[PDB]
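**Student:** Pasting a structure below so you can have a look.
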Amino acid sequence: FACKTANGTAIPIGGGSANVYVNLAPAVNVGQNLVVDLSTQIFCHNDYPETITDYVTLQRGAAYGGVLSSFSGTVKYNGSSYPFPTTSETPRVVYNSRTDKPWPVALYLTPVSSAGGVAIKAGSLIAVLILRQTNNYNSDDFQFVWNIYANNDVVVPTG
Amino acid sequence: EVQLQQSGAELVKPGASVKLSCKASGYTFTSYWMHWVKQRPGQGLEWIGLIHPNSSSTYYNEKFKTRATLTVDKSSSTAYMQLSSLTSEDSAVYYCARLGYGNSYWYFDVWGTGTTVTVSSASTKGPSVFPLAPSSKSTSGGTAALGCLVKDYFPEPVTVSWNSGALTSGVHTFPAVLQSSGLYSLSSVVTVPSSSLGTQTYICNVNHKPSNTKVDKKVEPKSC
Amino acid sequence: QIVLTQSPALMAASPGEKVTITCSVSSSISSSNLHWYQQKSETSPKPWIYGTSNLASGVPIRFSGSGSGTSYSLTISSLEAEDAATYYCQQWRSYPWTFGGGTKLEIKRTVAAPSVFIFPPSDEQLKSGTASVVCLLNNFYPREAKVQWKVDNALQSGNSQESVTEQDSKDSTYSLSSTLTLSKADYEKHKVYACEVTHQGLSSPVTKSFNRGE
């Protein structure tokens with residue numbers, strides 16, 4: 001019924017938007033992967049899964065800021081692989097647990113081919129992870145917007 | 001722990017590019033990020049840049065664009081630097097490193113040995129030792145000291161030692177100064193024991209690496 | 001470029017004293033974006049703090065950074081003597097990756113009495129044609145030191161170079177060698193040669209002299 005980031009900018013129960021300040025790998029290369037492990041940064045939990053039986057999925061993912069420019073990657077949900085930006089529904093991964101579990105998303109952003117110069121400006125938007133919350137208890141199809149902001153600057157080095 | 005090695009403090013004339021080298025084939029270059037930095041005397045560090053061992057892709061600093069060329073040789077796991085137009089503004093110690101994976105951050109987890117780049121002009125010279133007679137006029141003071149003044153030497157891998165294998169206490173290998181003639185000069189001083197009982201041939205020797213010389217003499221106190 | 005101004009060059013502490021080496025940044029960078037590197041004198045550096053709060057390998061628990069925004073610190077619970085090194089602040093928000101100018105963390109010791117030893121040239125230096133008298137300050141602290149060279153009780157300027165050593169690992173003192181370079185003729189032409197100590201040497205500083213040829 002809720003989702004919270006590591007920085008403390010938590011989304012209220014009804015949904016809403018908050019910032020995800022993500023500490024990145026300051027240099028990644030083409031072929032190598034910028035593994036922005038949001039599984040270690042944004043997490044989600046349910047109020048009581050005994051009757052709610054929540055179903056929490058990544059209904060939307062968008063590339064804004066630095067990632068939109070060069071870094072084109074793939075969203076990994078529970079080990080699977082989907083085209084990021086997430087233009088399709090992702091299969092439900094429940095979080096039938098009161099205790100918080102680390103929201104298994106991981107954007108594998110391998111940058112575009114050789115890109116150019118400096119990429120992913122510090123303090124700039126990385127992505128927008130719009131999460132869907134559903135359950136069999138009611139029709140509370142609730143909206144959780146994470147605006148992923150880069151905490152630091154990656155480079156796509158020349159060579 | 002597996003470390004990174006580096007060359008010794010080398011001599012380069014103004015306008016000559018160095019071949020400074022950081023190498024380590026024991027930690028599998030195709031795993032880390034292989035950074036480079038520079039530390040000037042007094043002035044603080046200056047980030048030089050990075051090259052990836054896996055794919056030889058480089059990112060330097062704006063102040064170091066067309067200044068330093070960091071290359072990688074992952075097969076032998078060597079990394080050299082090209083420093084064309086090396087001026088005294090670039091006369092500094094230059095360090096090798098690599099980004100680790102500490103938590104979500106990357107940082108210079110393991111450093112190289114370190115190598116001092118000296119861009120002083122003129123030709124090298126030898127470290128001519130010069131004895132000092134201790135305070136024999138005081139005589140009863142006991143705390144008298146002596147030393148060897150290695151004037152007119154350049155560059156600075158000077159290893160003035162006393163007895164060449166002993167006297168680890170009291171030796172003060174001073175940093176050199178930029179003398180008016182351009183050639184640097186340092187002094188070493190040792191605090192010998194009291195007189196009468198302090199009868200020992202105090203053998204001072206130097207080993208200037210690029211001008212390899214074992215210039216050595218014994219310091220014997222004078223009776224005024 | 002990102003300006004990064006610290007406490008400019010000077011620090012001092014006892015074995016246990018707090019050292020609040022600040023790191024002011026021209027922009028309010030996040031705690032993720034700051035690093036600290038320890039470089040001992042004439043020695044390779046070591047990673048000291050990464051991410052403003054997470055210490056590297058081998059860094060003791062005493063060091064711990066803090067802060068955010070444009071103010072950054074390296075709070076040390078108990079600084080031992082072995083930590084005396086230049087601590088360079090580094091940003092990895094942007095990519096000038098501008099390191100700081102470095103704060104040389106020295107060691108503040110007890111007030112050690114400086115000892116003045118005036119060394120005249122040997123016969124060989126006079127044979128070399130370039131005489132050079134040297135007066136030596138063996139163990140002293142602080143580094144603040146500018147001895148006076150007197151040539152027949154007359155001060156001289158521009159002919160004295162002072163070289164100071166790094167902090168010793170035994171008594172945490174400095175040594176300063178003052179070289180007054182001359183030639184053979186003018187060294188011979190003056191008999192009395194003196195140098196006067198400074199700083200905490202004495203309120204009326206002790207002058208150590210020699211008479212040439214005797």
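How things are named: the first chain in the structure tokens is A, the next is B, and so on; residues count from 1 in each chain; ligands count from 1 in the order shown.
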With a cut-off of 12 Å and counting only C-alpha atoms, select all residues of chain B in contact with chain A and give the selection as a PyMOL selection string.
**Tutor:** chain B and resi 30-35+49-62+65+69-72+98-108
**Student:** For the residues in that selection, give me N, CA and C atoms as an mmCIF file, in the first residue's frame.
**Tutor:**
data_model
loop_
_atom_site.group_PDB
_atom_site.id
_atom_site.type_symbol
_atom_site.label_atom_id
_atom_site.label_comp_id
_atom_site.auth_asym_id
_atom_site.auth_seq_id
_atom_site.Cartn_x
_atom_site.Cartn_y
_atom_site.Cartn_z
ATOM 1 N N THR B 30 40.591 -6.276 -16.409
ATOM 2 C CA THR B 30 39.237 -6.233 -16.946
ATOM 3 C C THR B 30 38.211 -6.407 -15.830
ATOM 4 N N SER B 31 38.381 -5.657 -14.738
ATOM 5 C CA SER B 31 37.369 -5.555 -13.697
ATOM 6 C C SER B 31 37.162 -4.148 -13.160
ATOM 7 N N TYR B 32 38.144 -3.247 -13.253
ATOM 8 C CA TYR B 32 38.043 -1.936 -12.618
ATOM 9 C C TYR B 32 38.285 -0.810 -13.614
ATOM 10 N N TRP B 33 38.500 0.411 -13.122
ATOM 11 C CA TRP B 33 38.354 1.593 -13.956
ATOM 12 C C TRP B 33 39.609 2.433 -14.138
ATOM 13 N N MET B 34 40.665 2.207 -13.352
ATOM 14 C CA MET B 34 42.035 2.584 -13.718
ATOM 15 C C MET B 34 42.176 4.103 -13.913
ATOM 16 N N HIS B 35 42.098 4.817 -12.789
ATOM 17 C CA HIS B 35 42.137 6.276 -12.749
ATOM 18 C C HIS B 35 43.558 6.822 -12.607
ATOM 19 N N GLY B 49 42.473 11.937 -14.933
ATOM 20 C CA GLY B 49 41.450 11.313 -15.753
ATOM 21 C C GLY B 49 41.315 9.826 -15.485
ATOM 22 N N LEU B 50 40.818 9.124 -16.503
ATOM 23 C CA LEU B 50 40.493 7.708 -16.421
ATOM 24 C C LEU B 50 40.668 7.060 -17.785
ATOM 25 N N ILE B 51 40.992 5.766 -17.769
ATOM 26 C CA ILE B 51 40.881 4.918 -18.950
ATOM 27 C C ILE B 51 40.393 3.551 -18.499
ATOM 28 N N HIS B 52 39.527 2.940 -19.311
ATOM 29 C CA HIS B 52 39.002 1.611 -19.016
ATOM 30 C C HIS B 52 39.950 0.543 -19.542
ATOM 31 N N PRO B 53 40.438 -0.368 -18.696
ATOM 32 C CA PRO B 53 41.253 -1.480 -19.207
ATOM 33 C C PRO B 53 40.526 -2.376 -20.186
ATOM 34 N N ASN B 54 39.219 -2.554 -20.018
ATOM 35 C CA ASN B 54 38.479 -3.464 -20.881
ATOM 36 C C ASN B 54 38.427 -2.959 -22.317
ATOM 37 N N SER B 55 38.308 -1.646 -22.512
ATOM 38 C CA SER B 55 38.071 -1.130 -23.854
ATOM 39 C C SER B 55 38.885 0.111 -24.196
ATOM 40 N N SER B 56 39.825 0.524 -23.338
ATOM 41 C CA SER B 56 40.758 1.618 -23.639
ATOM 42 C C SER B 56 40.025 2.909 -23.995
ATOM 43 N N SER B 57 39.000 3.237 -23.218
ATOM 44 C CA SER B 57 38.221 4.451 -23.413
ATOM 45 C C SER B 57 38.552 5.428 -22.294
ATOM 46 N N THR B 58 38.869 6.667 -22.664
ATOM 47 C CA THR B 58 39.469 7.636 -21.759
ATOM 48 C C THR B 58 38.558 8.834 -21.532
ATOM 49 N N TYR B 59 38.598 9.355 -20.307
ATOM 50 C CA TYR B 59 37.984 10.634 -19.964
ATOM 51 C C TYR B 59 38.921 11.412 -19.058
ATOM 52 N N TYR B 60 39.387 12.564 -19.524
ATOM 53 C CA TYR B 60 40.301 13.393 -18.759
ATOM 54 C C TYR B 60 39.573 14.626 -18.239
ATOM 55 N N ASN B 61 40.331 15.511 -17.609
ATOM 56 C CA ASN B 61 39.840 16.778 -17.092
ATOM 57 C C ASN B 61 40.004 17.871 -18.142
ATOM 58 N N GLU B 62 39.225 18.944 -17.982
ATOM 59 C CA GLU B 62 39.330 20.072 -18.901
ATOM 60 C C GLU B 62 40.702 20.723 -18.810
ATOM 61 N N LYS B 65 42.986 18.227 -20.691
ATOM 62 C CA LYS B 65 42.741 17.884 -22.083
ATOM 63 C C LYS B 65 43.921 18.337 -22.932
ATOM 64 N N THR B 69 47.841 11.889 -21.589
ATOM 65 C CA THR B 69 47.192 10.804 -22.322
ATOM 66 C C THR B 69 47.391 9.519 -21.530
ATOM 67 N N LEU B 70 46.348 9.093 -20.826
ATOM 68 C CA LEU B 70 46.379 7.859 -20.055
ATOM 69 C C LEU B 70 45.999 6.700 -20.965
ATOM 70 N N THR B 71 46.909 5.746 -21.123
ATOM 71 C CA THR B 71 46.671 4.570 -21.940
ATOM 72 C C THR B 71 46.682 3.339 -21.052
ATOM 73 N N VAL B 72 46.237 2.218 -21.612
ATOM 74 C CA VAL B 72 46.174 0.956 -20.891
ATOM 75 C C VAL B 72 46.719 -0.155 -21.779
ATOM 76 N N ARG B 98 42.282 3.484 -9.254
ATOM 77 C CA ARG B 98 41.177 2.820 -9.937
ATOM 78 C C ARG B 98 39.926 2.976 -9.083
ATOM 79 N N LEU B 99 38.757 3.044 -9.723
ATOM 80 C CA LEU B 99 37.529 3.121 -8.942
ATOM 81 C C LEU B 99 37.093 1.756 -8.441
ATOM 82 N N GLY B 100 36.895 1.658 -7.133
ATOM 83 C CA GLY B 100 36.288 0.495 -6.524
ATOM 84 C C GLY B 100 34.781 0.572 -6.609
ATOM 85 N N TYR B 101 34.127 -0.306 -5.863
ATOM 86 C CA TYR B 101 32.678 -0.431 -5.921
ATOM 87 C C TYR B 101 32.065 -0.289 -4.538
ATOM 88 N N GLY B 102 32.668 0.537 -3.690
ATOM 89 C CA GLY B 102 32.197 0.700 -2.331
ATOM 90 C C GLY B 102 30.788 1.242 -2.262
ATOM 91 N N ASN B 103 29.854 0.375 -1.878
ATOM 92 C CA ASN B 103 28.416 0.664 -1.836
ATOM 93 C C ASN B 103 28.003 1.116 -3.234
ATOM 94 N N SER B 104 27.213 2.170 -3.375
ATOM 95 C CA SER B 104 26.806 2.658 -4.681
ATOM 96 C C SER B 104 27.804 3.630 -5.288
ATOM 97 N N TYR B 105 28.895 3.923 -4.594
ATOM 98 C CA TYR B 105 29.894 4.886 -5.029
ATOM 99 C C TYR B 105 31.127 4.189 -5.579
ATOM 100 N N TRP B 106 31.872 4.915 -6.403
ATOM 101 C CA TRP B 106 33.142 4.438 -6.924
ATOM 102 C C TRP B 106 34.246 5.413 -6.542
ATOM 103 N N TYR B 107 35.408 4.870 -6.187
ATOM 104 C CA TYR B 107 36.439 5.655 -5.528
ATOM 105 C C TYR B 107 37.784 4.959 -5.676
ATOM 106 N N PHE B 108 38.851 5.732 -5.469
ATOM 107 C CA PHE B 108 40.223 5.295 -5.737
ATOM 108 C C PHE B 108 40.688 4.321 -4.656
#
**Student:** Which chain C residues have any atom within 7 Å of an atom of chain B, and for each, what is the nearest pair of atoms with distance in Å to one decimal, counting only C-alpha atoms, rows sorted by chain and number, as a Markdown table?
**Tutor:**
| residue | atom | partner | partner_atom | distance |
| --- | --- | --- | --- | --- |
| C:44 | CA | B:114 | CA | 5.4 |
| C:45 | CA | B:111 | CA | 6.4 |
| C:46 | CA | B:111 | CA | 6.4 |
| C:47 | CA | B:109 | CA | 5.5 |
| C:50 | CA | B:107 | CA | 6.2 |
| C:51 | CA | B:105 | CA | 6.3 |
| C:56 | CA | B:109 | CA | 6.9 |
| C:88 | CA | B:45 | CA | 6.6 |
| C:96 | CA | B:61 | CA | 5.4 |
| C:97 | CA | B:47 | CA | 6.1 |
| C:98 | CA | B:46 | CA | 6.4 |
| C:99 | CA | B:45 | CA | 5.5 |
| C:100 | CA | B:44 | CA | 5.8 |
| C:101 | CA | B:44 | CA | 3.7 |
| C:102 | CA | B:44 | CA | 4.7 |
| C:119 | CA | B:132 | CA | 5.9 |
| C:120 | CA | B:132 | CA | 7.0 |
| C:121 | CA | B:132 | CA | 6.8 |
| C:122 | CA | B:131 | CA | 6.2 |
| C:125 | CA | B:130 | CA | 6.9 |
| C:163 | CA | B:175 | CA | 6.1 |
| C:164 | CA | B:174 | CA | 6.5 |
| C:165 | CA | B:174 | CA | 5.5 |
| C:214 | CA | B:224 | CA | 5.8 |
**Student:** Between C:87, C:37, C:63, C:95, which is the closest to chain A once you count only C-alpha atoms?
**Tutor:**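 Residue with the minimum atom-to-atom distance to chain A: C:95.
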**Student:** Which of range 2-203 of chain C end up as helix (DSSP H, G or I) when DSSP is run on this backbone - answer as a CSV table (one decimal) with C-alpha atoms, in the first residue's frame?
**Tutor:**
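Listed below is the output, states10.csv:
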chain,number,residue,atom,x,y,z
C,31,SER,CA,26.7,13.6,0.2
C,32,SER,CA,27.1,11.0,-2.5
C,33,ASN,CA,29.3,13.3,-4.5
C,81,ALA,CA,49.7,10.4,15.6
C,82,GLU,CA,50.0,8.0,12.6
C,83,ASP,CA,47.3,9.8,10.6
C,123,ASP,CA,88.9,22.9,4.1
C,124,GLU,CA,87.6,21.1,1.1
C,125,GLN,CA,84.7,23.6,0.6
C,126,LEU,CA,87.2,26.4,0.7
C,127,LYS,CA,89.2,24.5,-1.9
C,184,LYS,CA,86.2,31.7,-0.5
C,185,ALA,CA,87.5,35.2,-0.5
C,186,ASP,CA,84.6,37.0,1.3
C,187,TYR,CA,84.3,34.1,3.7
C,188,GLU,CA,88.0,34.6,4.6
C,189,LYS,CA,87.6,38.4,4.7
C,199,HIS,CA,60.3,31.8,17.3
C,200,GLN,CA,60.4,30.0,20.6
C,201,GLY,CA,64.2,29.8,20.6
**Student:** Taking only C-alpha atoms into account, name the residue in A:67, A:154, A:3, A:105 that is nearest to chain C.
**Tutor:** A:154
**Student:** Can you pull out the residues contacting residue 212 in chain B? Cut-off 9 Å, using only C-alpha atoms, and skip same-chain residues under 4 positions away; I want them as JSON, numbers by chain.
**Tutor:** {"B": [126, 207, 208]}
**Student:** Using only C-alpha atoms, determine which residues lie at most 6 Å from range 12-14 of chain C, disregarding the query and same-chain residues fewer than 4 positions distant; provide the list as a list in words.
**Tutor:**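 Once the adjacent positions are removed, what remains is residues 105, 106, 107 and 108 of chain C.
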**Student:** Output C-alpha atoms for every residue in that selection, as a PDB file, in the first residue's frame.
**Tutor:**
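As a result, again.pdb now contains:
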ATOM      1  CA  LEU C 105      47.247  17.710   8.706  1.00  0.00           C
ATOM      2  CA  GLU C 106      50.418  18.067  10.751  1.00  0.00           C
ATOM      3  CA  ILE C 107      50.800  17.175  14.438  1.00  0.00           C
ATOM      4  CA  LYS C 108      50.644  19.690  17.286  1.00  0.00           C
TER       5      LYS C 108
END
